[PDB]
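Asks: Let me begin by handing over the structure; questions about it come next.
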Amino acid sequence: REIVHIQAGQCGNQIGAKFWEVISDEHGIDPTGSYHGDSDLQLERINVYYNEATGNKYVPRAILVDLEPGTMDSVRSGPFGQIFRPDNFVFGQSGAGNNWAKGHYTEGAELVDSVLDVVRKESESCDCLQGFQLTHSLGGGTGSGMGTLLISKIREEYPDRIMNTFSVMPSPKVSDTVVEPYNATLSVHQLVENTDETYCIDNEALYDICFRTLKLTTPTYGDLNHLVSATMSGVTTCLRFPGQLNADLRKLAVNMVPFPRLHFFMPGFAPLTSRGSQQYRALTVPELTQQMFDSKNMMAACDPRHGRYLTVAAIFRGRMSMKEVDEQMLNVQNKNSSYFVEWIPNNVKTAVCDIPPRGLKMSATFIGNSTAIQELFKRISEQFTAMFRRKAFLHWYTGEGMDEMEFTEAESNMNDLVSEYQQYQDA
Amino acid sequence: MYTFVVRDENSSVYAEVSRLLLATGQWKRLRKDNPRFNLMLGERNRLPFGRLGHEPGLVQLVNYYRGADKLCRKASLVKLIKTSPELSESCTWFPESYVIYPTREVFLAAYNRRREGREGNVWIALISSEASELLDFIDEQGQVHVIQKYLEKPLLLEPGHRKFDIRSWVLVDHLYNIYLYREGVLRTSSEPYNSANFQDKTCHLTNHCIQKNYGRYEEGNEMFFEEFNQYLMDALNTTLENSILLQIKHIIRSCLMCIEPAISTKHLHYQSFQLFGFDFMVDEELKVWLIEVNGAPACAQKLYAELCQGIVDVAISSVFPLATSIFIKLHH
Amino acid sequence: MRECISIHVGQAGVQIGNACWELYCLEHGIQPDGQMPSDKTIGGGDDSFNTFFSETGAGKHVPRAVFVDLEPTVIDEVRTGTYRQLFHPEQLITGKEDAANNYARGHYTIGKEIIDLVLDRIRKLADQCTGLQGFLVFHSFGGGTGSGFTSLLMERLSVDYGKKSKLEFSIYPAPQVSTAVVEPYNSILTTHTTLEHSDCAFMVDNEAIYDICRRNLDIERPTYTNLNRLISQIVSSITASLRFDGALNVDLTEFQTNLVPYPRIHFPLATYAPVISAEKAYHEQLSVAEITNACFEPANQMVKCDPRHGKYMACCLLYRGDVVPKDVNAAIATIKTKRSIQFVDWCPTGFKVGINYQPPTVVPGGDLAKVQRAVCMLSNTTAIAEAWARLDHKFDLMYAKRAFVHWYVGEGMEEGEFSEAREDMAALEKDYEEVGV
Amino acid sequence: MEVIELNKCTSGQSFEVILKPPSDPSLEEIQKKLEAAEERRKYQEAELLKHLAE
Ligand SMILES: Nc1nc2c(ncn2[C@@H]2O[C@H](COP(=O)(O)OP(=O)(O)OP(=O)(O)O)[C@@H](O)[C@H]2O)c(=O)[nH]1
Ligand SMILES: Nc1ncnc2c1ncn2[C@@H]1O[C@H](COP(=O)(O)OP(=O)(O)CP(=O)(O)O)[C@@H](O)[C@H]1O
Ligand SMILES: Nc1nc2c(ncn2[C@@H]2O[C@H](COP(=O)(O)OP(=O)(O)O)[C@@H](O)[C@H]2O)c(=O)[nH]1
Ligand SMILES: COc1ccc2c(c1)CCCN2c1nc(C)nc2onc(C)c12
Ligand SMILES: [Ca+2]
Ligand SMILES: [Mg+2]
Ligand SMILES: [Mg+2]
Ligand SMILES: [Mg+2]
């Protein structure tokens, strides 16, 4: 059950590259693609993310897309750059200018069909393709505008396959340009219709974790992507390693998404680590469980006590007591029962994997479907409206053929999403 | 913090119990239908016992004993007493009773040996000496109601020539310990007893609401044990313990040991306690008869505090501990 | 002699079939290559074990079984495991992608693509039968294949084998070991569609098996291996009469006659004793009275409920080991005077007793200790309806908000089938209540 | 009290003990419902493709 991975734009490719670095190490694959690990568990389901080649080489089932070559030359130069299939680098030259419209309608349109040719080549090899995961930001132009264009076209050609995204949300605290609320609002509308599952990675949350908790006075994109790669490793653990569960993307969607449009997950991680800093003390299972439900370990800047959990997934990584994990997990629900909707019984499920990630003896990864995620969309909605009521910065978009109506519609769809989350918070 | 839910908003007794719990700082009350509770103070009608004891990581407790309604309906209590060898049938502390249906010949058999013996032959649903009006009554009602030998020679307090019943409060915990609250109450008539007019209602029925002289002899037509014991001493040269309370303890222990096998939650996935109201009748020879067993009793306002605190001590905190005993344990 | 075909559906059914067939082999002395030295009729026979095993001219004894799953991982372990040589490849049927915990994906979209293949493989086993009795069907309620594909398989078996009995062994969903939030939906959907097609069904609540493993086997956190080896012992007790010389429950039709006087109320409660840990270095052996008494403790039932607050319609005792009628009757007379056993008025108050002298068999290096005598009680009590109440409540909680329904409508199911299934459950609960008071 | 129908054999015995006496769809209908579900899936998909064509 193969996954086809797509990374789009600057952000998409930087976190995408770090993802392949982190999991390639967990699966024991060197940068040349040769396996030099130690345990058959690392190979049992390597099929999910890697193709095999001559000489038993493992090649990521990964497509790299950008409208300018800058960041993709950087990937090829990077440590694991030589691992990716050269034909899977698909780039233009003109860039997208942090402009959703250039990504979706003009520049990205020139390039989209060549991306679909590579996706098709990778899908056609798959024994049984389960679906797609996309890495991208929503605040720029390529990952946002062209990424969502890809999602639309992939759904047309593979309507019965799962579409999963890791979507980075813009924050004034980590901001390239003032138009990020425009780009994010136009993309969220696309995400609501055309994905089954998106992890809402919020640069506001990552910035705050690096500043407040990790004690990083001036965080870099590198410090933020360390949090992202740890989260992407954790939330794919059950896809990559053999367990009791043998999880796939579709059962994840069936159990996490009680209503089609409410599929925006809040991920969390424990223990939280800055780069280079090694933690010498183990977290007890009680500490893993407390920290992983802590608002301060969430990658979407939402207060979960301001909402309610529709569904929760918790994956524990390491040699630890399964009985203790059950008791502590049950202990969180019983002691906070009001924060889990009573109308989905037993809506917190748990998985354990024996292999810890690199540098930790124990870890926990949290995937929550909370109505508190509306806070994130309201925050972008407010920033959007502050500009839009004066029609500010819109010329960058009307010069690529878009009309004000399309903005009005995008705003309205996202406000509808907010009130829909509100509807189940009071149920 | 332990958790509890409240599904009987009318219970005077458990209204207090939940306030005591909340004011401990160690109990949080949850929304009615939240299933992640430690304690269920449940509805009286169709309490979902089949949903209890299926939440992993929660010891669950409920303030009712499934099956205990056999002792607490008037029709069931009669069948239970005639069929269970542990009691029947010359059970000598229950009035000769018979179940009767409206849409009986055994009852006529004793009523006719009553008339052939020309003995006291008055019965109760509602009171009369002629069975015909007891039956002409039963069918123009539309429900099952037993009829029972009315105690024609009841003990009468002085002054007043007045009738009374004794209510005892009994708590049965999850271990099936039987705890008798040391405080009982006498629910008195303030009307002088009248052998010659049973239609005349008030002087025969000792119900706290069905007295609407109320209050003449003591506050609320309620005489508690300190005064009743004092009276039995000055008036009859005996104590309450000797002349009455031994029989009450025997009747309580007897009734509850009988249904133990059918209702105990000893080896069950959920656990039960329940508070009961036993209602007794004392005749002029100081013999105690069981009238009725009440499964959802209220209390008397003087005693609400002490009894509810004791429900927490023995019934709730025994199962969920926190961070000078008002009961008498009846041994078995 | 009349053959029985076992069909195992989805992960739960397949893994429990592994457990039972391993145990059947140890009980009948069949080696893993399929040879059975004690059987001197080479190539065939109509002995009692041939009810469950066919024979090849080379001496191989082949289970009359088909395994079917919508995804290959679990049956792939049968294809490579200890008993790989026992099964013919045509008996092991896998698709490429499972039902994603979705009854409608198992019944409609994926089930429609593979139903004909399964029926032909079943037809190939039936053709080897001189007098086929019917089917024993193993599956979970909660899985999408377990629930959705079974109900379609059951509808068709009724069409193709109209006059044959169908028994179910059904794993009832428990949150401690399930990982699917929608199992109440799947359970109600499959129960509704299957009810008319099943003559007698043994429900096993994973919650009951889990606590028995915790309490009596001292297993801190039971796995599917722990649960299934204990389940296979209970299944073995129930099917032993089909596989051994005896006079009680000798054909599938007899299960319905002895346990089910009303067609819809066809879920007997199973109770098993003794369950003793192999790790226990000192263990006093329990008497006939002790283990018969254990049959009326709710902590030994396959579903936790209180039979004291229902009524019995039928009751069988299946003993294995050193047991003689004298001790059973002595034990029954004592229990009757100490326990709440009320039968419905239109049924006699009594026990049907079967005794096989060979003591229960245990998997070497498993969790169960070897015992000198064991018993499985099969009682049809209205008390089991508590499990319907629990399930139906969870169903009502979710359906009131239509949570997850879109996943089912998206496979071509209509919202109306949810309420159709729920209305049937509502009728089921009311039947049990009428009989029960 | 009363034991009845006692059957003995080499590998066991059975008997009954009484304590007191008393007081489908066709193949075409299935293939019709399976095909109604498929049409509905087909329609739902045509609407999705029509929507993406817009
Ligand atoms: N007792 C027992 N229960 C099991 C076992 N495997 C799964 N279950 C239970 O079955 C339910 C899940 O259904 P499965 O059989 O695993 O799913 P499936 O039938 O393969 O269907 P899909 O995977 O949805 O296509 C949960 O309640 C599990 O706890 C098992 O081996 N033994
Ligand atoms: N056999 C009898 N002999 C004498 N008095 C009797 C009697 N049966 C009932 N009574 C009188 O009838 C009154 C009400 O009787 P019942 O026994 O019907 O209880 P209730 O349902 O009326 C209220 P509670 O449940 O609190 O007793 C009693 O207080 C008692 O005085
Ligand atoms: N977390 C994270 N966010 C990034 C990174 N690079 C850019 N961003 C964010 O993504 C948005 C800019 O979009 P970008 O990917 O550079 O535009 P694109 O190249 O057209 O897709 C802004 O909100 C940036 O804060 C990165 O490496 N990590
Ligand atoms: C809230 O009910 C859930 C949550 C999630 C899931 C399931 C049920 C069932 C199996 C798939 N599934 C998962 N899928 C992935 C990719 N990762 C995971 O980590 N933990 C779980 C659990 C999990
Ligand atoms: Ca033979
Ligand atoms: Mg950039
Ligand atoms: Mg009353
Ligand atoms: Mg499966």
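Bear in mind that the values in this text are calculations on the coordinates, not laboratory data. A quick note on method: Cβ atoms are made from the backbone with ideal geometry, for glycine too, and the neighbour counts reach across all protein chains shown.
Asks: In a Gaussian network model over chain A where Cα atoms closer than 10 Å are linked, find which of A:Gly318, A:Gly140, A:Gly368 has the largest mean-square fluctuation.
Replies: A:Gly318
Asks: Can you pull the Kirkwood radius for the range A:259-372, inverse mean 1/r over Cα pairs, to one decimal in Å?
Replies: 14.6
Asks: I'd like to compare C:347-356, C:125-134, A:194-203, A:349-358: which one has the highest average count of other Cβ atoms within 10 Å, and what's the full order after that?
Replies: Answer by packing, highest mean first, reads A:194-203, C:347-356, A:349-358, C:125-134.
Asks: Another question, then. Averaged across orientations, what area in nm² does the convex hull of the alpha carbons in chain B project?
Replies: So the mean shadow area of the Cα hull is 19.1 nm².
Asks: Two decimals is fine: what is log10 I(q)/I(0) at q = 0.09 Å⁻¹ for the protein assembly as shown, from a Debye sum with one equal scatterer on every Cα and no solvent?
Replies: So the normalised log intensities are -1.18.
Asks: Cβ under 13 Å from A:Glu44's Cβ, A:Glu44 left aside: what net charge do those residues give with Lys, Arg +1 and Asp, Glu -1?
Replies: Net local charge, A:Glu44 excluded: -2.
Asks: Using only the alpha-carbon atoms of the range C:198-280 as identical scatterers, what base-10 log of I(q)/I(0) does the Debye formula give at q = 0.11, 0.12 Å⁻¹?
Replies: -0.37, -0.44
Asks: Which value in Å is the Kirkwood Rh of the range C:384-437 over different Cα pairs?
Replies: 12.2
Asks: Shielding by partners for C:350-356, please: the mean number of other protein chain Cβ atoms within 10 Å of each residue's Cβ.
Replies: 6
Asks: Per residue of B:40-50, count partner chain C-beta atoms within 10 Å of its C-beta, then hand back the mean as an integer.
Replies: Rounded to a whole number, the mean comes out at 2.
Asks: If you count the DSSP beta bridges with both ends in the protein assembly as shown, what percent of them are antiparallel, to the nearest 5?
Replies: Taking every DSSP beta bridge within the protein assembly as shown, about 55 percent pair in antiparallel fashion.
Asks: Given Cβ point charges of +1 (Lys, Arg) and -1 (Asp, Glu) and nothing else, what value in debye, to the nearest 20, does the dipole of the protein assembly as shown about its Cα centre take?
Replies: Roughly 2540 debye for the protein assembly as shown.
Asks: I'd like the mean, over residues of A:253-262, of how many other protein chain beta carbons sit within 10 Å of each residue's own Cβ.
Replies: What the average comes to for A:253-262 is 5.
Asks: Next question. Treating the Cα atoms of the range C:272-361 as identical point scatterers in vacuum, please give the log10 of the normalised Debye intensity I(q)/I(0) at q = 0.14, 0.17, 0.20 Å⁻¹, two decimals.
Replies: Calculated log10 I(q)/I(0) at the listed q: -0.56, -0.82, -1.10.
Asks: Under the rule of -39500 (n - 2.57) per DSSP H run of 4 or more residues, summed and divided by the residues of chain C, what mean residue ellipticity at 222 nm is obtained, to the nearest 500 deg cm²/dmol?
Replies: Roughly -12000 deg cm²/dmol at 222 nm, from the helical runs in chain C.
Asks: Can you count the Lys pairs in the range C:1-268 whose Cα atoms are under 28 Å apart, with each pair 8 or more apart or on different chains?
Replies: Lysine pairs, 8 or more places apart or on different chains, close enough: 15.
Asks: Rank the residues A:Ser363, D:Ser26 as a footprinting-exposure proxy: fewest other Cβ atoms within 10 Å of their Cβ go first.
Replies: D:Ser26, A:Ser363
Asks: With a/c under 1.5 counting as rounded, go ahead and sort the range C:1-268 into rounded, prolate or oblate using the C-alpha gyration tensor (a ≥ b ≥ c being the square roots of the eigenvalues; past the cut-off, prolate if a/b is larger than b/c, else oblate).
Replies: Rounded shape, in that the Cα axes give a/c under 1.5.
Asks: Which distance in nm do the two modelled labels at A:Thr217 and B:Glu86 give, with both placed 7 Å along the Cα-to-Cβ direction?
Replies: Those two pseudo-labels are separated by 7.9 nm.
Asks: Please arrange B:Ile210, B:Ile166, C:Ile335 by counting, for each residue, the other beta carbons lying within 10 Å of its beta carbon, fewest first.
Replies: Final ranking by Cβ density, sparse to dense: B:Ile210, C:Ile335, B:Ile166.
Asks: Here's another thing I want to ask about it. Could you list the square roots of 5 times each eigenvalue of the Cα gyration tensor of the range A:196-243, that is, the equivalent ellipsoid semi-axes, sorted largest first and rounded to whole Å?
Replies: Value: 25, 12, 8 Å, ordered largest first.
Asks: What residues of the range A:390-406 lie in the reach of a label at D:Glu54, counting those whose backbone N is under 19 Å from a point 7 Å from the Cα along Cα→Cβ?
Replies: Backbone N within reach: A:403-406.
Asks: Right, another one. Can you compute the label reach from C:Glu290? Point 7 Å from Cα along the Cβ direction, backbone N cut-off under 15 Å, restricted to the range C:369-407.
Replies: C:369-375
Asks: Among B:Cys255, A:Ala364, A:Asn99, pick out the residue whose Cα is farthest towards the positive end of the charge dipole of the protein assembly as shown, where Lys and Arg carry +1 and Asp and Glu carry -1 on C-beta, about the Cα centre.
Replies: B:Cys255
Asks: Which far-off residues, 5 or more places away or on another chain, put their amide H under 5 Å from the one on C:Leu92, with H placed in the peptide plane?
Replies: C:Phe67
Asks: How much net charge surrounds A:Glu204 when only other residues with a Cβ under 10 Å from its Cβ are counted (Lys, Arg +1; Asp, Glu -1)?
Replies: Taking every Cβ under 10 Å from that of A:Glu204, the sum is 0.
Asks: Starting with the fewest neighbours, write out C:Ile209, C:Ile114 ranked by other beta-carbon atoms found within 10 Å of each beta-carbon.
Replies: In increasing order of surrounding Cβ atoms, one gets C:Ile114, C:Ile209.
Asks: Share of Cα-Cα pairs in the range A:1-258 beyond 31 Å, in percent?
Replies: Percent of Cα pairs beyond 31 Å in the range A:1-258: 20.
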